[PDB]
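Asks: first portion of the complex, with coordinates as positioned in the assembly:
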Amino acid sequence: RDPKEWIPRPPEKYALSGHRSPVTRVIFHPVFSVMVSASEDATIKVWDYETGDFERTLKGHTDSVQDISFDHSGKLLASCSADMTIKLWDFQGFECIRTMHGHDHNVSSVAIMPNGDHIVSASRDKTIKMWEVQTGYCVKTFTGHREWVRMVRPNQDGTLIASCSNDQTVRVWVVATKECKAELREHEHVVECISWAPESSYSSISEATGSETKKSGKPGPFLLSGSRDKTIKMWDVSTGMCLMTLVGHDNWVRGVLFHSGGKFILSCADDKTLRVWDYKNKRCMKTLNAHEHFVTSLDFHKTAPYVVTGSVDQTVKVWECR
Amino acid sequence: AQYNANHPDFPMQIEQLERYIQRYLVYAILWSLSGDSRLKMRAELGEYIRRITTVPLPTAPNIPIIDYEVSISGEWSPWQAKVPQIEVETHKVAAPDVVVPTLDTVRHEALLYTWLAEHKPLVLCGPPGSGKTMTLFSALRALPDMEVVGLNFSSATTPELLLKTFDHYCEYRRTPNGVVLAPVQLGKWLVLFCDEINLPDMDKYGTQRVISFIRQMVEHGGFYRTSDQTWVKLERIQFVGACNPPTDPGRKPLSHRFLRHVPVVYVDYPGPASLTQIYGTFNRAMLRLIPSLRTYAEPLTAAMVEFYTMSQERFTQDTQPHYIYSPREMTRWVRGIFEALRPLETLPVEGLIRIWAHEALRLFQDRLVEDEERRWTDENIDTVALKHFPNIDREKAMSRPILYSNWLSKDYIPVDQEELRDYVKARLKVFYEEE
Amino acid sequence: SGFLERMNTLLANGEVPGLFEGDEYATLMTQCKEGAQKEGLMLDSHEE
């Protein structure tokens, strides 16, 4: 097992199935060896991926839960549901310590800042809102999108937050001054998912795309935007140019992310497959028939060689990597 | 005069001028007295001229004179020498721009160029899809000093439709001789292409206002500005018309007073031989994507031509108004197959037939009204395919639920009904909570 | 019937000559410049 090169394999490890509704998203706990998944039955079930044993359900949401996230310490879980509410969970006690209102429609994303003192969320009211962890007050609103904003994700340092909306555009914002750094629009259809480039991949991205080394030394933040036109595009936030376009998915791309080692791209779509991409050569090695229905999301563990993929068939699967 | 310009050292001599004019005059008479008639009538006029004239004529026993142009040297030369068997590039197969040369095409393009060079108004008459718009646009490519503007006439068309175009593409300027209308640009002649001139309805007294308006602009070189009752003179403006035959439903015959200024050229439907040549070239270029399928170009073209012929005669405007079939359908037929073959790196012969059959249904069956016609199309598609493509898997290519979609794959591939139903049901669930 | 007339020209040509006049035509030229710059090409004349 190469410590930065493992990829998932067709033989699944565990097939966890307790949800009564399609699984929306699946995430890994940064510290503990435990798994958290959110579904459309207003439940957030927590699983252990080493033994595949269900532990507990985090209920309290009225309607379907759309996104969940963890802070850096793993002590807080931020969940957003379609009931216009954002709930903050004390993970040690497994209770809802704060409920956040203010969105005028369905909330489809949520994330905790790397500093851990602020929460960013995006909803169907065409706004991206920011909240305080301590007080639960809305402090900033990022307007400018013309349609439903589906996902919002911050960069490594938390200074920039990216958002993808139904307006077929991907916008990068500056948290400090709320300005739109760039408007990345090349997808011909609605963009579903976004993902940033980890620090271990800037050199690989620069040498793979043929981009010359910059005098500053920083190649610039790189963004991925999977959309429903069955294409995956990698962008240069600094320059606003689409570095490459990945083709090969048979349906709408629902999730995309980098390998922890920054060597491959993992992406799941509605074609019932999970695909591993080589951005070095702009081609796909392995296609995994993950589920019997649409694949809603995927996540890649930072250290352990495990991949989790949610699906509409109400099944959460854990993949060994070899 | 152009010949003398090209030959400054050797001006054209009288005996060459005498020969050239005499051949041209006979060539001019045939195209001026029978250009608005069928091919049979054109041949009949040529026979009558041959029986009475003394000008030297082509010696071909059966080729009509209309197939011979007049060379600048002063000798008859067949039109067949200017229609070479070209090879279209694969990426421009059945494109709107590309025109396959044909005997009728070159004759009309030269005739269209002659009238257009004089800025003389002209009207192309023929059934829809026969090539009236194409031939004119092809001729305008030989005249870089002209800009074409497309106007579509309807039953409610009235002269202000021409007026609003004038403000957009021309400007009114004050001159000492009066108000003169000219295009905003300089040096190019504006050509107003009126696609359906004969639909504008007559009043109860049998007069079309726009036709009289066009007649006024061409005979008197201008019109009247109704805002200030000021005469306006047209400059660098040309009129070109297109229309279906007046006997077609909804069409009205044009006024005789309008017809004197406007020669009419008849563009009939291409014959089976012409259609085979035109779409055989398209098929050969299109089928170069799959080298293993290049041997099927001829049977594919014959099948496309044959089924188009049977469909055209079976369904006519008598039953339903929209039962109009033209080469446009076959152009869409080639486009449909070419798009379905671009992403595929290989395909068996049965797969090509399935795509060929799929496009036939989407073009000739979607507009049929009752089930009897649809069943007729289904049966005859199989018979045509079997007749031109023997010894192939019938069931593999003629599976009745012929469904093609790019929903379940990155490319346009056949999709089974059951998987398609499941996917649409899953999509509908998302469609409910989104839209 | 005028509803169909505008539709008839729009279908075949993709543009209605008698739609944008006066300020509307002047206004249209603004985002036409703005739209062209966004997609990359630079155009200045009203005809292009």
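Replies: Noted; the coordinates are in hand. Residues are numbered from 1 along each chain as shown, chains lettered A, B, ... in the order given.
Asks: hey, let's count contacts and neighbours off CA atoms from now on
Replies: Will do.
Asks: regarding chain B, what is its longest helix?
Replies: Longest helix in chain B by number of residues (criterion: DSSP state H): helix B:14-33.
Asks: show me the helices in the stretch 251-400 of chain B, by range?
Replies: Ranges of helices in the stretch 251-400 of chain B, per DSSP state H, counting those that start in this stretch, are B:256-259, B:272-287, B:297-314, B:327-341, B:349-364, B:371-388, B:394-397.
Asks: again, but for chain C
Replies: Under the criterion DSSP H, chain C contains helices at C:2-13, C:23-39.
Asks: out of those, which is closest to chain B?
Replies: helix C:2-13 (6.1 Å; CA to the nearest CA).
Asks: dump the helices of the stretch 251-400 of chain B to a markdown table, plus distance to chain A and mean neighbour count.
Replies: Output for the helices of the stretch 251-400 of chain B, formatted as a markdown table (distance: least, CA to the nearest CA, whole Å; neighbours: other CA atoms under 10 Å in any protein chain shown):
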| stretch | distance to chain A | mean neighbour count |
| --- | --- | --- |
| helix B:256-259 | 50 | 12 |
| helix B:272-287 | 24 | 21 |
| helix B:297-314 | 30 | 18 |
| helix B:327-341 | 16 | 19 |
| helix B:349-364 | 20 | 20 |
| helix B:371-388 | 31 | 15 |
| helix B:394-397 | 24 | 14 |
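Asks: among those, which is nearest residue C:14?
Replies: The closest of the helices of the stretch 251-400 of chain B to residue C:14 is helix B:327-341. By CA to CA, the value is 19.3 Å.
Asks: list the contacts of residue 9.
Replies: Here I'm looking at chain A. Residues near residue A:9 by CA atoms under 8 Å, 6 or more residues apart in numbering or on different chains: A:288, A:319-322.
Asks: correction: the question concerned chain C.
Replies: Residue C:9 touches B:151-152, C:15-16, counting by CA under 8 Å, 6+ apart.
Asks: can you select the buried ones among the residues you listed for me in ChimeraX?
Replies: The following ChimeraX line selects those of the contacts of residue C:9 that are buried, judged by 16 or more other CA atoms under 10 Å in any protein chain shown:
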select /B:151,152 /C:16
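Asks: okay, now chain D:
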Amino acid sequence: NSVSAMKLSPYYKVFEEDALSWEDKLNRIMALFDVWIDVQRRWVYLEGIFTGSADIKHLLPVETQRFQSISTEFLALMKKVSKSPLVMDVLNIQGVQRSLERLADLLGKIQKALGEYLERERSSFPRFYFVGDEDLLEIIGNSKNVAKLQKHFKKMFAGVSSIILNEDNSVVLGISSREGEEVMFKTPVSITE
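Replies: Time to bring in chain D:
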């Protein structure tokens, strides 16, 4: 000034038409060339930025392509001026007036879009921090033409009003102050190397 004296002349009445005609041409010459000299100057020190810098294309891709579109049409306009360099013909150019106004506007838009490039360029030479953006663009753009750089050394040095160069203007021989005092470099600096 000469024609204005004709305006007060009592005999101007028999030459109202022609003298007034020259005023229309003379004033239009002034209007055409007042923007021309500026537009020419901007293009001179903007092309040096976009040609002498290799990293500007990757760091500033969107507006670099815009400059080449501006540059080529400026070259196209200047080329046909070279074809007919008569003052009346270039004045009688179809749309010569508006063509320079968009040139002034487009070059201005490009110039305002270089702010972050010049700020980073100041790190290479520390003394560039005491030079305005307009002057710094002139300094970097006109590096090849060192003749016009003599007016900027006073803003970067305490007493170096101007430098002393060889006939080829390729090797720095010394420096000069505002009073004419000169310092002869022991080892002259070559710009070619």
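Asks: follow-up on the earlier one: buried sites along the longest helix of chain B?
Replies: Judged by neighbour count (16+ other CA under 10 Å), helix B:14-33 contains these buried residues: B:19-20, B:22-24, B:26-28, B:30-31.
Asks: phi, psi for residue D:38 please.
Replies: phi -70, psi -50 (degrees, to the nearest 10).
Asks: residues near it, how many?
Replies: Neighbour count for residue D:38, taken as other CA atoms under 10 Å in any protein chain shown: 14.
Asks: ok, for it, nearest residue in space, not its chain neighbours?
Replies: residue D:104 (7.7 Å; CA to CA, 6 or more residues apart in numbering or on different chains).
Asks: does the one you found really touch residue D:34, like I thought?
Replies: No: the criterion here is CA atoms under 8 Å, and residue D:104 misses it with residue D:34 at 10.9 Å.
Asks: give me the more crowded residue out of the two.
Replies: Of the pair residue D:104 and residue D:34, residue D:104 is the one with more neighbours under other CA under 10 Å, namely 19 against 11.
Asks: what's the distance between that one and residue D:43?
Replies: Distance of residue D:104 to residue D:43, given as CA to CA, to the nearest Å: 10 Å.
Asks: if we can go back for a sec, give me the subset of the buried residues of helix B:14-33 touching chain C.
Replies: The subset of the buried residues of helix B:14-33 within reach of chain C, by CA under 8 Å from any CA of the partner chain, is empty.
Asks: tell me the contacts of the closest residue to chain D within the stretch 301-435 of chain B?
Replies: Per CA to the nearest CA, residue B:410 is where the stretch 301-435 of chain B lies closest to chain D, at 31.5 Å. Residue B:410 makes contacts with A:230, A:248-251, as judged by CA under 8 Å, 6+ apart.
Asks: let's go with 7 Å and repeat that
Replies: Going by CA atoms under 7 Å, 6 or more residues apart in numbering or on different chains, residue B:410 touches A:248-250.
Asks: of those, which is the nearest to chain B?
Replies: residue A:250 (4.2 Å).
Asks: sequence below should go in as chain E:
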Amino acid sequence: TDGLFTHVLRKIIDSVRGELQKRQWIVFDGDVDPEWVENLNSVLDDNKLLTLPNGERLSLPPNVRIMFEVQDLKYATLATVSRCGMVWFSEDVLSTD
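Replies: Adding chain E to what we have so far:
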């Protein structure tokens, strides 16, 4: 972005249309208070420089003269008075005749 006085001085310094070869005079016709006139301390001193917040420094050409036309100096500080040569125009200079 340059102000009114800076733009006038910068054009003279640039001398695109031969400004330096002329006699340029800048007259400040109005009231003088330390809010704006103290910004000319370096201009009116031996430095002869107009220092801007952006770090740009504009040397005063030898052919330009800074002029003030004022009716009173009840608000001007000692720094402004000491940096300029005073020419007193009593009302008796311009008689009724």
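Asks: and the neighbour count of residue D:38, now that chain E is part of it?
Replies: Residue D:38 has 15 neighbouring residues, counting by other CA under 10 Å.
Asks: what does the helix or strand harbouring residue A:243 rub up against?
Replies: Residue A:243 is located in strand A:241-247, with elements delineated by DSSP states H and E. Outside of strand A:241-247, the residues within contact range by CA under 7 Å, 6+ apart are A:209, A:230-236, A:282.
Asks: before we move on, back to that, state the next helix or strand along the chain beyond the longest helix of chain B.
Replies: Assignment by DSSP H and E places the next element after helix B:14-33 at helix B:39-52.
Asks: can you tell me which of the contacts of strand A:241-247 is nearest residue A:299?
Replies: Nearest member of the contacts of strand A:241-247 to residue A:299, counting by CA to CA, is residue A:232, at 16.7 Å.
Asks: helices of chain D, residue ranges please.
Replies: Using DSSP H, the helices of chain D run over residues D:2-8, D:16-52, D:56-59, D:61-83, D:87-91, D:96-112, D:115-121, D:133-141.
Asks: who's in contact with the third one?
Replies: Spelled out, it's helix D:56-59. A:239, D:50, D:64.
Asks: burial check on the last one, number of neighbours?
Replies: Other residues near residue D:64 come to 16 when the count uses other CA under 10 Å.
Asks: contacting residues for it?
Replies: Applying CA under 7 Å, 6+ apart, one finds that residue D:64 lies in contact with residue D:57.
Asks: wait, isn't residue A:261 in contact with residue A:4?
Replies: Yes: Residue A:261 is within contact range of residue A:4, at 4.4 Å (criterion: CA atoms under 7 Å).
Asks: quick check: what element follows the helix or strand hosting residue B:166 along the chain?
Replies: Using DSSP H and E, residue B:166 sits within helix B:160-169. Where DSSP H and E defines the elements, the next helix or strand beyond helix B:160-169 is strand B:170-175.
Asks: and that following strand, what does it pack against?
Replies: Other elements packing on strand B:170-175 under the criterion 3 or more CA pairs under 7 Å, 6 or more residues apart in numbering or on different chains; DSSP states H and E are strand B:178-183.
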